Amino acid sequence: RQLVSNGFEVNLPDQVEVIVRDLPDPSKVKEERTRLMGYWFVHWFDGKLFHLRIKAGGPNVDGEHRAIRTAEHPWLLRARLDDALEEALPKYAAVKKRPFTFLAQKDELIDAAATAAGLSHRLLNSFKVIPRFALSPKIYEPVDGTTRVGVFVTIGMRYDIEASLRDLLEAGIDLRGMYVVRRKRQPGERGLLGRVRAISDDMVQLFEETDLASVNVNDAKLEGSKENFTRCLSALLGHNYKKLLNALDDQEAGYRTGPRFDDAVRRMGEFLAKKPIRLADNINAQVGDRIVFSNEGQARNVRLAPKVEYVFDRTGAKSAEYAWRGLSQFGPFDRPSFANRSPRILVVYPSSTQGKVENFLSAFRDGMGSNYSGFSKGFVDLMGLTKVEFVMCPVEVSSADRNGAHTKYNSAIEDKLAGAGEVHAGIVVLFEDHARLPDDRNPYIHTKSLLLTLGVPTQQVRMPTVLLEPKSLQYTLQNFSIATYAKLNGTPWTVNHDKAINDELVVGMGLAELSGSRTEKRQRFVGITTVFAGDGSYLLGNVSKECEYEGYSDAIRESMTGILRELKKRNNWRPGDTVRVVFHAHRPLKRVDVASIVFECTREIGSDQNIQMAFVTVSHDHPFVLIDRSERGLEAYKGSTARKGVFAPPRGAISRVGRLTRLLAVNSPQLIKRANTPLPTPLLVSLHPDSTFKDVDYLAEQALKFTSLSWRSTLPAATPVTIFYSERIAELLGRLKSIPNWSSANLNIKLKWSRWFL
RNA sequence: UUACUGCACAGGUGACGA
DNA sequence: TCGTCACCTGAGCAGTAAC
Ligand SMILES: [Mg+2]
Ligand SMILES: [Mg+2]
């Protein structure tokens, strides 16, 4: 019963002696840190400046001489550890600080992968993939009431294209439209310069420039994106260049797969544990045992949530460990009541794809047959419908048309619908060359707009998807079918819920950030999604129609109180019943907004019931990882010597980091794709400290179940649907806000029960 | 824009303080 | 205005679909 972390205990002194002085204006801190540099470690906290002597000798420092006990106030030494870790690795230059981040000294994976693939080119040496390590001192709590500091080791890869732009152009690479960044970024200076128009003298001409429209070939480099790597390498090598990428992926697997990551962390620890770490010239620390999550002793730090159940009726009796297995066997959760058993579906597609579209449609509606067990039955039989009528809407448009495609799609739709009575959904087929045009000429968003205005949800699809090989096509049709049925107001499946309290509501908010280009300030938009407890089941409620970032706290409030009102009427709560409201987002709410939300929900539900509220953040990007040494992994594909998921904790593993924080494992070996896939990073689930409901284990389990609620796919989602759906909504509504002739009027009328955002 | 995985780079940004 | 600790979202890339 044990999970291992990527962290080491740091054994610190009980206490440390310090000088303090009030400094209520923190503008002074920077100049004072400079003045006392080398003799003093300095730290501002709660309107006071704390000074720790590191070397003997001046300057002089005036203040109170107090002792800071590490058990009570671990922040002081946690902070000094940021610098001390750097000073403990003097041969490695910091590429970043706090956390100390640095590069492997010898290791360089493109050279290694080139050799491995037997590939060569004169400029390869100037494309660099270097392992990047970071050491993060973090406060954790083995047991409640006791804090410790750990040093957590993370590994990524620095991708950089050192090559001069002249050398790249002279080697035959078309730099037109590639992004370029500064070779040297001055203090607090913007890296991104813009896009390459052309090169004249010693000078790059930029468009979509961030500052000046020009820069010297020598001050600029290609940005280290995957786009610029593939663009350069395909030109210099292709289409062998894939093989270089696959060998590069093998090289990285040497650092990031479970056993290899565990080893790199061990080796890092061994190194740091070699000597004491100098906190000051008379004060030392020591890197100790690897931090573990277990229930040995007084610690209760790891549990395994039960497997999520996909449920397909109200009786609980029809359930399955996996969405598709369940859907196939049972059909959808709502088939007994599903009102519209003969849907009419508008199919909008370029006239020249007619044949390819008809085949796709036949496979969709009528299934692919018993040779493709992944999608045999087809939509009609899969969902328990009587039939699907297609209303074909060819459009006279070519893939080469970049400027009028959206006009052509929309005229065709309007013309076809005027004669064709009521359609219940649409399928819109798009050319790959049109998919990501700017929104003023983008047929996805324009047809989405027109049809949602008219109250018709759409499921769009790009031609490469339409043309997929049968083995791939079956999984596509599973997901396309699930979203389509939900777009028609269907509920494909629910997830199991153990009836605890008299009612439970979960609301989530999600963010989208929109601009036409990288030069243009991104504008924020929001979405709000609601999920209610049912009997044995979690049910999706209503979704926001306004996407307003300013005032989002009011919107969360408004949503919660409105819904609490409806739940009380529906369920007729009895005096003494308890109601639980949970909020989910990828960022924490302000204390003042938690206060306002609690205040209002409390008032709305009244004195007859008890309220419990939790405010949860879900984090994907933090310094923790969990390692399960007993997990042997699975066949990457049967029955190969190579394994995938080696050392990956099981899905639903929940580890305790601190009173407010749990780590949740989501991607088990079964869900991992490839032998080369790194050891997964778990979700960090964090409870807002003003929450009145405190069981973060239950909340972590709840977040996990809500990952299995996504009707965008058969496979589970990366974040609970409360947040995920809200993000999809935020992006769609925010984009639509700029599309002429868009009206949200039908979103709460014809589309009220449509999952139109999937 | 069937999706999942989430890499890489960029933009920066949030919360808490006083 | 600031210090401090922390990490979220968009673009484009590439491989795979929980028995
Ligand atoms: Mg979709
Ligand atoms: Mg990442």
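The sequence lines fix the lettering, A, B, ..., with proteins before strands; numbering per chain opens at 1. When reading the values below, keep in mind they use all heavy atoms of this one structure, side chains included, and skip hydrogens, waters and symmetry mates.
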(request) First locate atom CG of A/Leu488, then atom CZ of A/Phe379, and finally report the distance between them rounded to the nearest 0.5 Å. (result) 5.5 Å
(request) Tell me what A/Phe724 touches on the nucleic acid: a base, only sugar-phosphate, or nothing, going by heavy atoms under 4.0 Å. (result) sugar-phosphate
(message) Can you tell me if A/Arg185 touches the phosphate of B/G11, counting only side-chain N or O atoms and a distance under 4.0 Å to OP1 or OP2?
(response) yes
(message) When you measure only distances, ignoring hydrogens and angles, does the side chain of A/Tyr310 come within 3.5 Å of the base of C/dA18 through a donor and an acceptor?
(response) yes
(message) Could you tell me how far B/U1 sits from C/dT16 if I compare only their P atoms? Round to whole Å.
(response) 25 Å
(message) To the nearest 0.5 Å, what is the distance between CD1 on A/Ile161 and CG on A/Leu233?
(response) 7.5 Å
(request) Would you indicate which nucleotide in B/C16, B/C4, C/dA18 comes nearest to any side-chain atom of A/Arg591? (result) B/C16
(request) Report yes if at least one side-chain N or O of A/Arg158 is closer than 4.0 Å to OP1 or OP2 of B/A8; otherwise report no. (result) no
(request) Tell me which nucleotide among C/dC5, B/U1, C/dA18 gets nearest to the side chain of A/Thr714. (result) C/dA18
(request) Drop me the distance from A/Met178's CE to A/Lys221's NZ, to the nearest 0.5 angstrom. (result) 15.0 Å
(request) Please tell me which of A/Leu589 and A/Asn667 maps to the more 5' nucleotide of RNA chain B, matching each residue to the nucleotide holding its nearest heavy atom. (result) A/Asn667
(request) Please tell me which of the listed nucleotides, C/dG12, C/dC7, B/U2, lies nearest to the side chain of A/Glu227? (result) C/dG12
(message) Regarding A/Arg462, tell me which of base, sugar-phosphate or nothing describes its non-hydrogen contacts under 4.0 Å with the strands shown.
(response) base
(message) For B/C9 and A/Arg132 - does any side-chain N or O of the residue sit under 4.0 Å from the phosphate oxygens OP1/OP2?
(response) yes
(message) With nearest nucleotide decided by heavy atoms, which residue, A/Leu671 or A/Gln459, maps closer to the 5′ end of RNA chain B?
(response) A/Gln459
(message) Pairing check on C/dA18: which nucleotide meets the Watson-Crick or G-U wobble criteria with it, both distances under 3.5 Å?
(response) none
(request) Kindly state whether the pair A/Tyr444 / B/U1 counts as stacked, where counting means centroids closer than 5.5 Å and planes tilted less than 30° apart. (result) yes
(message) Heavy atoms from C-beta onward define the side chain here; which of C/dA17, C/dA18, C/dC7 lies closest to that of A/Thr476?
(response) C/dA17
(request) Report which part of the nucleic acid A/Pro689 touches: base, sugar-phosphate, or nothing (heavy-atom distance under 4.0 Å, all strands). (result) nothing
(message) Does B/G6 have OP1 or OP2 under 4.0 Å away from a side-chain N or O of A/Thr677?
(response) no
(request) Ignoring backbone atoms, test whether A/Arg98 places a side-chain nitrogen or oxygen under 4.0 Å from the OP1 or OP2 oxygen of C/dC5. (result) yes
(message) Using 0.5 Å steps for rounding, measure from the CG atom of A/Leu663 to the OG atom of A/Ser686.
(response) 9.0 Å
(request) Go through B/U2, C/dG3, C/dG10 for me and flag the one nearest to the A/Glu513 side chain. (result) C/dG10
(request) Enter the distance from A/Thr707:OG1 to A/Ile723:CD1 here, rounded to the nearest 0.5 Å. (result) 11.0 Å
(message) Under 4.0 Å, counting only non-hydrogen atoms across every strand here, what does A/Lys590 touch: a base, just sugar-phosphate, or nothing?
(response) sugar-phosphate
(message) Using heavy-atom distances to pick each residue's nearest nucleotide on DNA chain C, tell me which of A/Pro137 and A/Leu715 is more 5'.
(response) A/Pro137
(message) It should be established whether A/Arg436 places a side-chain nitrogen or oxygen under 4.0 Å from OP1 or OP2 of nucleotide C/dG12.
(response) yes
(request) Please determine, for the side chain of A/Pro588, which listed nucleotide (B/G17, C/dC8, B/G14) has the closest atom? (result) B/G14
(request) Pick base, sugar-phosphate or nothing for A/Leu758, based on heavy-atom distances below 4.0 Å to the nucleic acid. (result) sugar-phosphate
(message) Please confirm whether the ring centroid of A/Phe706 lies under 6.0 Å from the ring centroid of A/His584.
(response) yes
(message) The side chain of A/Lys226 is closest to which nucleotide in this list: C/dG12, B/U2, C/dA17?
(response) C/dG12
(request) Could you tell me whether the side chain of A/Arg587 has a donor or acceptor atom within less than 3.5 Å of a complementary atom in the base of B/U13? (result) yes
(request) Using a 4.0 Å heavy-atom cut-off across all strands, classify A/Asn676 as base, sugar-phosphate, or nothing. (result) nothing
(request) For the side chain of A/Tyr322, starting at C-beta, report the closest nucleotide among B/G14, B/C9, C/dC19. (result) C/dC19
(message) Work out how far the P atom of C/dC19 is from that of B/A3, and round it to whole angstrom.
(response) 22 Å
(message) By nearest atom, which of the nucleotides B/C7, B/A18, B/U1 is closest to the A/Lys448 side chain?
(response) B/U1
(message) Let's test your reading of the model: under 3.5 Å, does the base of C/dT9 pair with the side chain of A/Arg518 as donor and acceptor?
(response) no
(request) Consider the side chain of A/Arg78, meaning its heavy atoms from C-beta on, and name the nucleotide among B/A3, C/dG15, C/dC5 that approaches it most closely. (result) C/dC5
(message) Distance check needed: C/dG12 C1' versus A/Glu208 CD, whole Å only.
(response) 15 Å
(message) Within the 4.0 Å heavy-atom criterion, would you say A/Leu684 contacts the bases, only the backbone, or no part of the nucleic acid?
(response) sugar-phosphate
(message) Before we go on, tell me: are the rings of A/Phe360 and A/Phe480 under 6.0 Å apart, centre to centre?
(response) yes
